[PDB]
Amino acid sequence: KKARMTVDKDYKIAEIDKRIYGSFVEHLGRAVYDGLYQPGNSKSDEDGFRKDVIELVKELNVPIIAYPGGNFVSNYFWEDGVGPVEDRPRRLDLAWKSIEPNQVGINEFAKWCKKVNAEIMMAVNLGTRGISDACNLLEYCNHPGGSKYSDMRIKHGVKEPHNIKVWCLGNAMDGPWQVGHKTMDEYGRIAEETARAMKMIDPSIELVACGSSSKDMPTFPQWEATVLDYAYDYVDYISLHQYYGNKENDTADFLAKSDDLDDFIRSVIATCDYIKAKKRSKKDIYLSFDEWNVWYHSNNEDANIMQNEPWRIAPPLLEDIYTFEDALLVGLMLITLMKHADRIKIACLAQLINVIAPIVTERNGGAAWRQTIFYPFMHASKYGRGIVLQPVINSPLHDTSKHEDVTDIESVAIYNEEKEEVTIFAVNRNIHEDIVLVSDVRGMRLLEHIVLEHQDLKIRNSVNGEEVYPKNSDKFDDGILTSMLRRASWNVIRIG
């Protein structure tokens, strides 16, 4: 019933990189086609982009979006998606057994990102292509003009370079389901050489080396160590991928899964710091969590489409319909991410549109709507720009199914000294009993207390109405912030 945390400004973690509120669009399912891009639609614009989708993205204020994959990138030929659209070919997308029509390519997607106030984090193909092709694409995007590929971009209609700031050296390739699968030293060598070459063309870019496809691979985390060992002096980030599912239908354990997330982040840092000592380097590899979400609902329908109905265009893949308990675990993951904002400078919600996404448009031109997970994200990205304060918290515990000593209240404070405000993000992961959590504000005025609750953990949103939406309204005035957060709740208590 009683849980307590000291809040000290003078005990920071770090400042938040706005790029931790990033997302991800893969040429996958209906993310692009019958997704953000619907050229005939009445809700679309000059370029065929759905204007309603643009606004919901803008509501999320995402600064950076990873593109174009993902597994799709490992067998993608960027030239296929540029130039006169009537000459762009159709290709087999081996990853998702689909036909890519390439109507959207680099320059279309670059426009879309401007309209949503975002920047591209661009992946290159290092599965079936290599060094010279990454150099070609980089020059096309970033070099002003006067050379083969920059002039060819100008010719395609983009006079100024896109100047993409962050690039991913391929996509994770440790798995047998991935075209262009590599051993960890193979990937290490090609990542090193691509990054060396790319930095000669544009030394102001930042480079992400790929980690394991998941923490469960037998090659994690040696893969991460081997790659950094080769490429350390040319790369700035390593990537983590993590998804959670509630296929066991065990809401107790499900929301304890953010503790495995904390374990995972820590050992990736440990691996980074080990290679740092080995190189005697002053640089710190930063973490780029470029794939994270809840993902389990649409598993079976997805393996029916592949391979019973393969080589369709924009099949309805990975269409998880999210519940309210999912939006809790999403908020728990965001808290865990903010709590590690000293090393995690990029993170991408996978994915942005239609595909395990917070934004859905109905098939065949349908309307757009917000999934449950839309809201815990929109809060974090809105009230989360500031400085993380260390979490010194005493909160009761509980066992769950297959997790022990599991905290009942996870929380983090963010002090925007910039324009006086402290925001507390807190989740009661006890699904039974409410708990009252106050906060010894040792420093600094109760603003509001937005909440996200429902008695039906399995309720969903839909094009016919949101059953999960922020309601500001709840229960401090002295120096000792007193709040009680209902069981299975997500709250953003603000203080000014």
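Residue positions are given as counts along the sequence shown, with the first one as 1.
- Counting the deposited residues that fall between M444 and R445 and carry no coordinates gives a value of 1 to 3.
- In the deposited entry, the stretch joining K475 to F476 is interrupted by 1 to 3 residues of the deposited sequence lacking coordinates.
- Of the two stretches examined, 199 to 207 and 324 to 332, the record assigns the greater average C-alpha temperature factor to 324 to 332.
- With 271 to 279 and 249 to 257 compared on mean CA B-factor from the PDB entry, the stretch scoring higher is 249 to 257.
- Taking the PDB entry at face value, the top CA B factor among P68, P63, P470, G35 belongs to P470.
- In this structure the maximum Cα B-factor among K402, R91, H162, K215 is found at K402.
- Among all modelled residues in its chain, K419 ranks in the highest third by Cα B-factor.
- For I459, the recorded CA temperature factor ranks within the middle third of the chain's modelled residues.
- The entry lists a Cα temperature factor for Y375 that places it in the middle third of the chain's modelled residues.
- Sort the chain's modelled residues by C-alpha temperature factor and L352 lands in the lowest third, per the entry.
- The deposited CA B-factor of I435 belongs to the highest third of values across its chain.
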